[PDB]
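Containing compact mmCIF, N, CA and C atoms: start_16.txt.
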# COMPACT_ATOMS: atom_id res chain seq x y z
N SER A 2060 -7.38 -11.36 -33.43
CA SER A 2060 -6.05 -10.92 -33.02
C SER A 2060 -5.29 -10.43 -34.25
N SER A 2061 -4.85 -9.17 -34.21
CA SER A 2061 -4.13 -8.56 -35.33
C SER A 2061 -2.78 -9.24 -35.50
N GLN A 2062 -2.60 -9.96 -36.60
CA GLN A 2062 -1.37 -10.71 -36.83
C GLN A 2062 -0.45 -10.09 -37.87
N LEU A 2063 -0.98 -9.62 -38.99
CA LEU A 2063 -0.18 -8.94 -40.00
C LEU A 2063 -0.69 -7.53 -40.23
N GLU A 2064 0.24 -6.63 -40.54
CA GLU A 2064 -0.08 -5.31 -41.06
C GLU A 2064 0.53 -5.19 -42.45
N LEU A 2065 -0.20 -4.56 -43.37
CA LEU A 2065 0.28 -4.37 -44.73
C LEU A 2065 0.14 -2.91 -45.12
N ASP A 2066 1.11 -2.39 -45.86
CA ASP A 2066 1.08 -1.00 -46.30
C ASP A 2066 0.21 -0.89 -47.55
N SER A 2067 0.24 0.28 -48.19
CA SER A 2067 -0.67 0.55 -49.31
C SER A 2067 -0.51 -0.44 -50.45
N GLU A 2068 0.61 -1.16 -50.53
CA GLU A 2068 0.87 -2.08 -51.63
C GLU A 2068 1.17 -3.49 -51.14
N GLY A 2069 0.55 -3.88 -50.02
CA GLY A 2069 0.56 -5.27 -49.60
C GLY A 2069 1.90 -5.80 -49.13
N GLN A 2070 2.75 -4.94 -48.57
CA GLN A 2070 4.04 -5.35 -48.04
C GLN A 2070 3.98 -5.36 -46.52
N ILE A 2071 4.68 -6.32 -45.91
CA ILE A 2071 4.52 -6.56 -44.48
C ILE A 2071 5.14 -5.42 -43.69
N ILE A 2072 4.31 -4.71 -42.94
CA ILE A 2072 4.78 -3.74 -41.95
C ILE A 2072 5.21 -4.46 -40.68
N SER A 2073 4.39 -5.38 -40.20
CA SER A 2073 4.63 -6.06 -38.94
C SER A 2073 4.16 -7.50 -39.04
N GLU A 2074 4.59 -8.30 -38.07
CA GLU A 2074 4.13 -9.68 -37.92
C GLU A 2074 4.04 -9.97 -36.44
N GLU A 2075 2.92 -10.55 -36.01
CA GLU A 2075 2.75 -10.87 -34.60
C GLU A 2075 2.05 -12.21 -34.43
N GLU A 2076 2.27 -12.81 -33.27
CA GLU A 2076 1.57 -14.00 -32.83
C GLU A 2076 1.54 -13.98 -31.31
N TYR A 2077 0.51 -14.60 -30.75
CA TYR A 2077 0.18 -14.44 -29.34
C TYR A 2077 0.12 -15.78 -28.63
N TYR A 2078 0.46 -15.76 -27.35
CA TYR A 2078 0.10 -16.86 -26.48
C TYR A 2078 -1.42 -16.89 -26.33
N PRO A 2079 -2.02 -18.07 -26.21
CA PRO A 2079 -3.49 -18.16 -26.32
C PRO A 2079 -4.24 -17.20 -25.42
N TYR A 2080 -3.69 -16.84 -24.26
CA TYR A 2080 -4.38 -15.98 -23.31
C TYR A 2080 -4.01 -14.50 -23.46
N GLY A 2081 -3.33 -14.12 -24.54
CA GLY A 2081 -3.10 -12.71 -24.82
C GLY A 2081 -1.65 -12.31 -24.98
N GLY A 2082 -0.76 -12.90 -24.19
CA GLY A 2082 0.65 -12.57 -24.25
C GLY A 2082 1.19 -12.58 -25.66
N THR A 2083 2.16 -11.72 -25.95
CA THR A 2083 2.75 -11.63 -27.28
C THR A 2083 4.00 -12.50 -27.33
N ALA A 2084 4.00 -13.49 -28.23
CA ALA A 2084 5.07 -14.47 -28.31
C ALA A 2084 6.01 -14.24 -29.47
N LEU A 2085 5.56 -13.57 -30.53
CA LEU A 2085 6.38 -13.25 -31.68
C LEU A 2085 6.04 -11.83 -32.11
N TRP A 2086 7.07 -11.01 -32.33
CA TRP A 2086 6.85 -9.61 -32.68
C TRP A 2086 7.96 -9.17 -33.62
N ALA A 2087 7.60 -8.92 -34.88
CA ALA A 2087 8.57 -8.60 -35.92
C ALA A 2087 8.06 -7.44 -36.75
N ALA A 2088 9.00 -6.67 -37.29
CA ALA A 2088 8.67 -5.49 -38.09
C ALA A 2088 9.80 -5.23 -39.08
N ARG A 2089 9.60 -4.23 -39.93
CA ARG A 2089 10.64 -3.79 -40.86
C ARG A 2089 11.33 -2.51 -40.40
N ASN A 2090 10.88 -1.90 -39.31
CA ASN A 2090 11.48 -0.68 -38.79
C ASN A 2090 11.02 -0.50 -37.35
N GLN A 2091 11.96 -0.17 -36.47
CA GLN A 2091 11.65 -0.09 -35.05
C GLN A 2091 10.69 1.05 -34.74
N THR A 2092 10.66 2.09 -35.57
CA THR A 2092 9.71 3.17 -35.39
C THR A 2092 8.36 2.84 -36.02
N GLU A 2093 8.39 2.32 -37.26
CA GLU A 2093 7.16 1.94 -37.94
C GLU A 2093 6.33 0.96 -37.11
N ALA A 2094 6.96 0.22 -36.20
CA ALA A 2094 6.25 -0.78 -35.41
C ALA A 2094 5.60 -0.17 -34.17
N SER A 2095 6.16 0.92 -33.64
CA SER A 2095 5.65 1.50 -32.40
C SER A 2095 4.23 2.04 -32.55
N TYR A 2096 3.70 2.12 -33.77
CA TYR A 2096 2.40 2.72 -34.00
C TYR A 2096 1.27 1.70 -34.13
N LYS A 2097 1.57 0.41 -34.11
CA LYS A 2097 0.53 -0.60 -33.98
C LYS A 2097 0.05 -0.63 -32.54
N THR A 2098 -1.25 -0.40 -32.35
CA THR A 2098 -1.84 -0.23 -31.02
C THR A 2098 -2.66 -1.43 -30.57
N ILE A 2099 -3.45 -2.01 -31.46
CA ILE A 2099 -4.35 -3.11 -31.13
C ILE A 2099 -3.74 -4.40 -31.66
N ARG A 2100 -3.76 -5.45 -30.83
CA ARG A 2100 -3.08 -6.68 -31.19
C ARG A 2100 -3.92 -7.93 -30.93
N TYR A 2101 -4.39 -8.12 -29.70
CA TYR A 2101 -5.11 -9.34 -29.31
C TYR A 2101 -6.60 -9.05 -29.23
N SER A 2102 -7.40 -9.95 -29.80
CA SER A 2102 -8.87 -9.86 -29.76
C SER A 2102 -9.37 -8.47 -30.14
N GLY A 2103 -8.59 -7.75 -30.94
CA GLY A 2103 -8.98 -6.41 -31.35
C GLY A 2103 -9.16 -5.43 -30.21
N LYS A 2104 -8.34 -5.54 -29.17
CA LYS A 2104 -8.39 -4.64 -28.02
C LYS A 2104 -7.00 -4.08 -27.77
N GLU A 2105 -6.95 -2.87 -27.22
CA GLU A 2105 -5.69 -2.16 -27.09
C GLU A 2105 -4.88 -2.69 -25.92
N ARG A 2106 -3.62 -3.00 -26.17
CA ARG A 2106 -2.65 -3.23 -25.11
C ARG A 2106 -2.06 -1.88 -24.74
N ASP A 2107 -2.47 -1.35 -23.60
CA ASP A 2107 -1.94 -0.07 -23.14
C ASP A 2107 -0.47 -0.20 -22.77
N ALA A 2108 0.17 0.95 -22.53
CA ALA A 2108 1.55 0.95 -22.05
C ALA A 2108 1.66 0.25 -20.71
N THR A 2109 0.58 0.24 -19.93
CA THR A 2109 0.57 -0.48 -18.65
C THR A 2109 0.72 -1.98 -18.83
N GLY A 2110 0.52 -2.49 -20.05
CA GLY A 2110 0.50 -3.91 -20.30
C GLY A 2110 -0.88 -4.53 -20.26
N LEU A 2111 -1.84 -3.86 -19.63
CA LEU A 2111 -3.22 -4.34 -19.62
C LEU A 2111 -3.85 -4.15 -20.99
N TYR A 2112 -4.70 -5.09 -21.38
CA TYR A 2112 -5.56 -4.91 -22.54
C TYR A 2112 -6.85 -4.22 -22.10
N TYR A 2113 -7.22 -3.16 -22.80
CA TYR A 2113 -8.47 -2.46 -22.52
C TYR A 2113 -9.57 -3.05 -23.38
N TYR A 2114 -10.55 -3.69 -22.74
CA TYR A 2114 -11.63 -4.35 -23.46
C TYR A 2114 -12.87 -3.48 -23.60
N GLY A 2115 -13.03 -2.47 -22.76
CA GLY A 2115 -14.20 -1.62 -22.80
C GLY A 2115 -14.82 -1.45 -21.42
N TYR A 2116 -15.40 -2.52 -20.89
CA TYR A 2116 -15.97 -2.50 -19.55
C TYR A 2116 -14.99 -2.96 -18.48
N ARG A 2117 -13.86 -3.55 -18.85
CA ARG A 2117 -12.84 -3.94 -17.89
C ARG A 2117 -11.49 -3.99 -18.59
N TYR A 2118 -10.43 -4.07 -17.78
CA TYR A 2118 -9.07 -4.25 -18.25
C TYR A 2118 -8.62 -5.68 -17.98
N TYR A 2119 -7.76 -6.20 -18.86
CA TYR A 2119 -7.42 -7.61 -18.88
C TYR A 2119 -5.92 -7.81 -18.68
N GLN A 2120 -5.58 -8.80 -17.85
CA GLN A 2120 -4.19 -9.16 -17.58
C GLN A 2120 -3.83 -10.39 -18.40
N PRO A 2121 -3.21 -10.24 -19.58
CA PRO A 2121 -2.94 -11.43 -20.41
C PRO A 2121 -1.92 -12.39 -19.81
N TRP A 2122 -1.13 -11.96 -18.83
CA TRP A 2122 -0.06 -12.81 -18.32
C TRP A 2122 -0.52 -13.80 -17.26
N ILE A 2123 -1.77 -13.72 -16.81
CA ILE A 2123 -2.34 -14.73 -15.92
C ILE A 2123 -3.73 -15.11 -16.42
N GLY A 2124 -4.08 -14.64 -17.62
CA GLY A 2124 -5.36 -14.95 -18.22
C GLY A 2124 -6.53 -14.59 -17.33
N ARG A 2125 -6.54 -13.36 -16.81
CA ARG A 2125 -7.47 -13.00 -15.75
C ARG A 2125 -7.84 -11.53 -15.85
N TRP A 2126 -9.12 -11.24 -15.61
CA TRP A 2126 -9.59 -9.87 -15.63
C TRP A 2126 -9.12 -9.13 -14.39
N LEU A 2127 -8.93 -7.82 -14.54
CA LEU A 2127 -8.43 -6.99 -13.45
C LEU A 2127 -9.49 -6.64 -12.42
N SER A 2128 -10.75 -6.97 -12.68
CA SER A 2128 -11.83 -6.63 -11.76
C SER A 2128 -13.01 -7.56 -12.02
N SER A 2129 -13.92 -7.61 -11.05
CA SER A 2129 -15.07 -8.49 -11.15
C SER A 2129 -16.03 -8.01 -12.23
N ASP A 2130 -16.66 -8.97 -12.90
CA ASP A 2130 -17.58 -8.67 -13.99
C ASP A 2130 -18.69 -7.74 -13.50
N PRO A 2131 -18.90 -6.58 -14.13
CA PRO A 2131 -20.07 -5.78 -13.76
C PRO A 2131 -21.38 -6.46 -14.13
N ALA A 2132 -21.40 -7.20 -15.23
CA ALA A 2132 -22.58 -7.97 -15.62
C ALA A 2132 -22.87 -9.11 -14.65
N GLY A 2133 -22.01 -9.36 -13.68
CA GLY A 2133 -22.32 -10.34 -12.65
C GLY A 2133 -22.25 -11.76 -13.17
N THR A 2134 -23.29 -12.53 -12.87
CA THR A 2134 -23.30 -13.96 -13.14
C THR A 2134 -23.70 -14.28 -14.58
N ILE A 2135 -23.40 -13.37 -15.51
CA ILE A 2135 -23.87 -13.57 -16.88
C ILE A 2135 -23.10 -14.70 -17.56
N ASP A 2136 -21.82 -14.88 -17.23
CA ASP A 2136 -20.99 -15.93 -17.82
C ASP A 2136 -20.50 -16.92 -16.77
N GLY A 2137 -21.27 -17.09 -15.70
CA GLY A 2137 -20.95 -18.03 -14.64
C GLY A 2137 -20.82 -17.35 -13.30
N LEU A 2138 -20.51 -18.16 -12.29
CA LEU A 2138 -20.31 -17.63 -10.95
C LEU A 2138 -18.94 -16.98 -10.76
N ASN A 2139 -17.98 -17.28 -11.63
CA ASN A 2139 -16.62 -16.77 -11.48
C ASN A 2139 -16.51 -15.45 -12.24
N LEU A 2140 -16.47 -14.35 -11.49
CA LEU A 2140 -16.48 -13.01 -12.07
C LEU A 2140 -15.12 -12.58 -12.62
N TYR A 2141 -14.09 -13.40 -12.48
CA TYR A 2141 -12.76 -13.08 -12.99
C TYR A 2141 -12.31 -14.01 -14.11
N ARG A 2142 -13.04 -15.09 -14.36
CA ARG A 2142 -12.65 -16.04 -15.40
C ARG A 2142 -12.68 -15.38 -16.78
N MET A 2143 -11.80 -15.86 -17.66
CA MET A 2143 -11.64 -15.30 -19.00
C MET A 2143 -12.21 -16.28 -20.03
N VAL A 2144 -13.28 -15.85 -20.70
CA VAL A 2144 -13.91 -16.58 -21.80
C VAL A 2144 -14.00 -18.08 -21.52
N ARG A 2145 -14.54 -18.45 -20.37
CA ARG A 2145 -14.74 -19.86 -20.02
C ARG A 2145 -13.44 -20.65 -20.15
N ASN A 2146 -12.30 -19.97 -19.98
CA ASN A 2146 -10.98 -20.60 -20.06
C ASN A 2146 -10.80 -21.33 -21.39
N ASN A 2147 -11.36 -20.76 -22.46
CA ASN A 2147 -11.25 -21.32 -23.81
C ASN A 2147 -10.83 -20.22 -24.77
N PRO A 2148 -9.62 -19.68 -24.60
CA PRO A 2148 -9.26 -18.45 -25.33
C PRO A 2148 -9.00 -18.66 -26.81
N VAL A 2149 -8.80 -19.89 -27.26
CA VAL A 2149 -8.53 -20.11 -28.67
C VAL A 2149 -9.83 -20.16 -29.46
N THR A 2150 -10.92 -20.58 -28.82
CA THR A 2150 -12.22 -20.70 -29.48
C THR A 2150 -13.09 -19.47 -29.28
N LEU A 2151 -13.06 -18.89 -28.08
CA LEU A 2151 -13.96 -17.81 -27.71
C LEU A 2151 -13.22 -16.48 -27.64
N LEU A 2152 -14.00 -15.40 -27.71
CA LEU A 2152 -13.49 -14.05 -27.51
C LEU A 2152 -14.50 -13.28 -26.68
N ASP A 2153 -14.01 -12.32 -25.90
CA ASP A 2153 -14.89 -11.44 -25.14
C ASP A 2153 -15.01 -10.11 -25.87
N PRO A 2154 -16.21 -9.66 -26.22
CA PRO A 2154 -16.33 -8.45 -27.04
C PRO A 2154 -16.07 -7.14 -26.30
N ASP A 2155 -16.54 -7.03 -25.05
CA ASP A 2155 -16.50 -5.75 -24.36
C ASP A 2155 -16.04 -5.83 -22.91
N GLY A 2156 -15.76 -7.01 -22.38
CA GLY A 2156 -15.33 -7.15 -21.00
C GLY A 2156 -16.41 -7.57 -20.03
N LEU A 2157 -17.49 -8.18 -20.50
CA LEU A 2157 -18.57 -8.61 -19.62
C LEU A 2157 -18.68 -10.13 -19.59

Taking this structure as input, can you express it in the form of structure tokens?
Amino acid sequence: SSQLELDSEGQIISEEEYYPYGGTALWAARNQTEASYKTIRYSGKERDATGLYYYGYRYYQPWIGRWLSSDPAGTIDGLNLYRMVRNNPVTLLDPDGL
């Protein structure tokens, strides 16, 4: 999860922290425009303007800790095709949405 951004000389552009399931709980910057250009924040995946995180093979709803669609890989991570990283978001990460 992208927490700090630094410019060419190690000065803080932004500061972020997340709720364990993706939600953004702290968001700070040195300029309201300079901050609008940070795109990826949680688990190295893009939070679109829609609010969904784009993981690759699926989109993710951080506000209910739940995938937007059933796993295409099927029963690869259990019988629950909507569960998020075995409900262990602080320890585990999903690389591509499967």

Open item on the list: Taking 6 positions as the minimum chain separation for residues in the same chain, which residues sit within 6.5 Å of residue 2142 of chain A when counting only N, CA and C atoms? Answer as number ranges by chain.
Closed with: A: 2124-2126

TODO: Measuring atom to atom with all atoms listed in the file, identify which of A:2120, A:2060, A:2091, A:2129 is nearest to residue 2157 of chain A.
DONE: A:2129

- [ ] Please identify all polymer residues lying at most 12 Å from the point (5.2, -7.0, -44.0) (file coordinates), using only C-alpha atoms, and present the result as a count of residues only.
- [x] 21

Open item on the list: For a test of reading the model, state the distance in Å between atom N of residue 2143 of chain A and atom N of residue 2099 of chain A, rounded to one decimal.
Closed with: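 A separation of 21.3 Å between them.
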
- [ ] Can you list, as a PyMOL selection string, all residues belonging to chain A that DSSP tags as alpha helix (DSSP H)?
- [x] chain A and resi 2091-2094

TODO: Please write as a PyMOL selection string the list of polymer residues whose atoms come within 6.5 Å of (-10.3, -8.9, -27.4), counting all atoms listed in the file and keeping to the coordinates of the file.
DONE: chain A and resi 2101-2104+2114+2152-2154

Open item on the list: Can you measure atom C of residue 2140 of chain A to atom C of residue 2109 of chain A for me? One decimal in Å is fine.
Closed with: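 We find that atom C of residue 2140 of chain A and atom C of residue 2109 of chain A lie 20.0 Å from each other.
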
Task: Residues flagged strand (DSSP E or B) by DSSP in chain A, as a list in words - done: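 The strand (DSSP E or B) subset of chain A is residues 2063, 2064, 2065, 2071, 2072, 2073, 2074, 2075, 2076, 2077, 2083, 2084, 2085, 2086, 2087, 2088, 2099, 2100, 2101, 2104, 2105, 2106, 2112, 2113, 2118, 2119, 2120, 2125 and 2126 of chain A.
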
Task: Pairwise distance for atom CA of residue 2144 of chain A and atom N of residue 2128 of chain A, rounded to one decimal in Å - done: 13.6 Å

Task: For residue 2081 of chain A, the nearest of the candidates A:2110, A:2121, A:2132, A:2100, counting all atoms listed in the file - done: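 Distance minimum relative to residue 2081 of chain A lands on A:2121.
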
Open item on the list: Using all atoms listed in the file, can you tell me which of A:2061, A:2155, A:2136, A:2096 comes closest to residue 2113 of chain A?
Closed with: A:2155
